[PDB]
>>> print(open('model-v2.pdb').read())   # PDB, C-alpha atoms
ATOM      1  CA  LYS A   1      74.261  88.045 131.990  1.00  0.00           C
ATOM      2  CA  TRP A   2      72.302  85.859 129.570  1.00  0.00           C
ATOM      3  CA  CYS A   3      73.449  85.624 125.958  1.00  0.00           C
ATOM      4  CA  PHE A   4      76.971  84.199 125.769  1.00  0.00           C
ATOM      5  CA  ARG A   5      78.065  83.108 122.294  1.00  0.00           C
ATOM      6  CA  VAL A   6      81.426  81.488 123.040  1.00  0.00           C
ATOM      7  CA  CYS A   7      83.280  78.226 122.423  1.00  0.00           C
ATOM      8  CA  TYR A   8      85.073  75.960 124.898  1.00  0.00           C
ATOM      9  CA  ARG A   9      87.951  73.689 123.874  1.00  0.00           C
ATOM     10  CA  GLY A  10      86.114  72.106 120.957  1.00  0.00           C
ATOM     11  CA  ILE A  11      82.493  73.151 121.421  1.00  0.00           C
ATOM     12  CA  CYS A  12      80.873  76.361 120.179  1.00  0.00           C
ATOM     13  CA  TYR A  13      77.785  77.452 122.109  1.00  0.00           C
ATOM     14  CA  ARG A  14      75.790  79.923 120.017  1.00  0.00           C
ATOM     15  CA  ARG A  15      72.679  79.541 122.178  1.00  0.00           C
ATOM     16  CA  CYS A  16      71.834  82.558 124.334  1.00  0.00           C
ATOM     17  CA  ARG A  17      70.928  80.251 127.221  1.00  0.00           C
TER      18      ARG A  17
END
>>> encode(input="model-v2.pdb", output="structure tokens")
Amino acid sequence: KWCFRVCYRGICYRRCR
């Protein structure tokens, strides 16, 4: 896929890339 708005541990990645 491409867009993946998810967080990891203590970082939230809103970017689609």
>>> residues_around(input="model-v2.pdb", residues="residue 17 (chain A)", least_positions_apart="2", cutoff="7 Å", atoms="all atoms listed in the file", output="mmCIF file with C-alpha atoms, keeping the file's coordinate frame")
data_model
loop_
_atom_site.group_PDB
_atom_site.id
_atom_site.type_symbol
_atom_site.label_atom_id
_atom_site.label_comp_id
_atom_site.auth_asym_id
_atom_site.auth_seq_id
_atom_site.Cartn_x
_atom_site.Cartn_y
_atom_site.Cartn_z
ATOM 1 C CA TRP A 2 72.302 85.859 129.570
ATOM 2 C CA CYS A 3 73.449 85.624 125.958
ATOM 3 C CA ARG A 15 72.679 79.541 122.178
#
>>> residues_around(input="model-v2.pdb", residues="residue 5 (chain A)", least_positions_apart="3", cutoff="8 Å", atoms="only C-alpha atoms", output="list in words")
residues 12, 13, 14, 15 and 16 of chain A
>>> axis_aligned_box(input="model-v2.pdb", around="region 1-16 of chain A", padding_each_side="4 Å", output="lines of an AutoDock Vina configuration file")
center_x = 79.9
center_y = 80.1
center_z = 126.0
size_x = 24.1
size_y = 23.9
size_z = 20.0
